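Okay, so we've got the same protein chain twice, two forms, each given alone as structure tokens, structure 1 and structure 2.
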Structure 1
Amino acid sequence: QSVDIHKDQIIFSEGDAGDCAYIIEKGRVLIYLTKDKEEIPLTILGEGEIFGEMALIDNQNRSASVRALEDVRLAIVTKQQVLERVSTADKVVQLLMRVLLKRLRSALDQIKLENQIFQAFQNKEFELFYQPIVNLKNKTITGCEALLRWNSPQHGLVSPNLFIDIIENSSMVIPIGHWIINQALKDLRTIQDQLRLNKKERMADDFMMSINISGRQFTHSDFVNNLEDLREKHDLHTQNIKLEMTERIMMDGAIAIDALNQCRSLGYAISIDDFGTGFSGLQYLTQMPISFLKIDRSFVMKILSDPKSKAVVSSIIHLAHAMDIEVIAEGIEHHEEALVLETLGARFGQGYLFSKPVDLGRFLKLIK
């Protein structure tokens, strides 16, 4: 709601309590101090500008007095509205705000890790490993997923729990992601060449390299174009490249409603990773041109003990079939789990039972 005010009206004085702040819609206002009954002007504010906001942010008194130079109309910003928005803001953005207030009158660790990660990337401490995906019935290796690893010389082998999230919600996903795709496709060509070299011509034609693509780099412009360049750079075919995505992409939709269709039109397979976790698929599933979905490991490890977690999984498999989507059950660590998973009708699987993620040299041996 908006409020009219008379010329020369002292709206509030220096030292008052801070109920709310204002945004000027019409008119002009003067901010001033008072010292031994001398009146020193700080500035004149006009249309679009704000005042009374400092007291609300740090719960202290009015740093100055304010008087209307003419008839003005103000739009009210409440204390709760300000604190609400300041509290949700990033911890560094809050540091920045607080320090600016003081002067006008873990964050260190978070900043250092982001730079440590990026420096490691440039010192080439990251490399891709590849985990076999197998046909459950005949145990043949049908394809693989590219997984990012980091082994610093000083901190040994690093947990991906740490760096993956940090990378994904930063702009460094673009240069890193480009490197991931390029490396994964380079090694696909090498995999197919080795397969043809040992006269496994049909296995070579059906081989699928799964690459994880995050939201940021998907929604980023010129993605499909740069992807196509990298594909042609290694003389590869679209039917051997499968893009693993989180459900969350369809929250957006400026380019992200038909970007998938543009990917699908070129022959790239699209797969929904960690289905049944995070943003919900069931409606997103009727929209999206999906060829696969992956049943997360959290489901698979409760199949034998929890009998209604089994029911959830059975239902996902049957639903998937009903829309010509195929299933990859991941996290498989015991033969008994595979048995149930095949009886329920899941075609593919991946997990420790078959193979952990390994480097390209161990993987090339595995396929033979």
Structure 2
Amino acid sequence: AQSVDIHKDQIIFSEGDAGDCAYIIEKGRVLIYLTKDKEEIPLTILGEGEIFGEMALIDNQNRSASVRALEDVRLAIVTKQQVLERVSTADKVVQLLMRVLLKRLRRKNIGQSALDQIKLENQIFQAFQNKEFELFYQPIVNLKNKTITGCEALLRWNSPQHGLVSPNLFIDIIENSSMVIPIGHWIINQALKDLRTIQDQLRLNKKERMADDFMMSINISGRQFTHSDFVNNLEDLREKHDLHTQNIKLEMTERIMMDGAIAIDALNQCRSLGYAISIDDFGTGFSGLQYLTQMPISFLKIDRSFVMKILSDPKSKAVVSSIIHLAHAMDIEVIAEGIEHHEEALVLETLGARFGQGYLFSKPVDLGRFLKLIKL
């Protein structure tokens, strides 16, 4: 059953028959018609390239019309199994759109959790608009001397409904929605604003070197990065706040590498302009081993998930050792994440990790408390 030839005047199937399979026309033409009492009623003619017999398969109902070959035709068979396989695995509302169209095309030619997702997106975007969002900052520290060298910017939603939704999942929603670009724009702006403030205070207390080497880490999502005008907008924002590129560090996940072409150059643009590129959640998600060989990275983060089990089992300790040494060999530098105890800080230090981040040192805090932290 590949393609099949049928001759002129042959009824392929009749209306009211059971729906076995669909057909795509390769050669010739066919007629779609209804019959009422004695009169036959032509709905349309279908020439090559067009498809028919599909309706019956999707919703498991009978043939809504008859079909007859107006000339010699050649048809390519499409199976019931094939269409169901594709519709069943489709988006939830997309499947509704299909059912209404089917039912309307039939009815006329004769004559919650999906909704909840929509409502939640609106709740989040409305929350954004009423100024319920805020950035906190977590110190990144030099493990040797315990000195603060920078900070990661982290988003916060000040509402009791955030706990009802999920700590992570409101970011997932944001990231997969197209409210990414206006919110992302606000984040970058806010972080850059507070960076200027952090630097200004440091200089006014005769800490010129610490101010010159300070890093502001910003978490940039996949959609907002691969969007055009990203570097353009990012640059006028840096200009607006009078900042240098070496103090701004962009933090992506590995997943950004699966795209390829559209990403490569944007990484290289940021790299040529002087922005530091950091890879977060490394070894968790999309594999970058061979993509770390060719692309230009500055830092790479050993994720919480590894660090918390570093003393627990020796398997994940081996992996951390490996990551750290590999990073050095690649000329990449490392920030260990999720350090909660002095013991794990020591191990990471003897393994060769230079920089640290975790509750041991400091949980993320507001700008006020952060400015106080950098006076000791």
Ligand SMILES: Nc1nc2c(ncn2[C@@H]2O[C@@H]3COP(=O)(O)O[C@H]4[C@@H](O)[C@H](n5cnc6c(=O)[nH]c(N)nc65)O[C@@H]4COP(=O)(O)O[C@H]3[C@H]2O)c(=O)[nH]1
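Along the sequence of structure 1, residues get numbers from 1 upward. Between two forms, the rigid core is the largest collection of C-alphas that superpose within 1.5 Å.
Comparing the two isolated chains, structure 2 is the one taken from the form solved in complex with this ligand; structure 1 is not. In the overlay on the core between the two structures, a shift of 2 Å or more in CA position is seen for a single residue of 122, 225, 87, 138, which is 87. Residue displacement note: residue 293 has its CA displaced by under 2 Å between the two structures (rigid core superposed).
Comparing the forms between the two structures on their rigid core, the Cα displacement of residue 339 stays under 2 Å. The Cα shift for residue 325 between the two structures, taken after rigid core superposition, is smaller than 2 angstroms. When the rigid core is fitted, residue 159 shows a C-alpha shift of 5.0 Å between the two structures. Once the core of the two forms is superposed, the Cα of residue 310 has moved 0.2 Å between the two structures.
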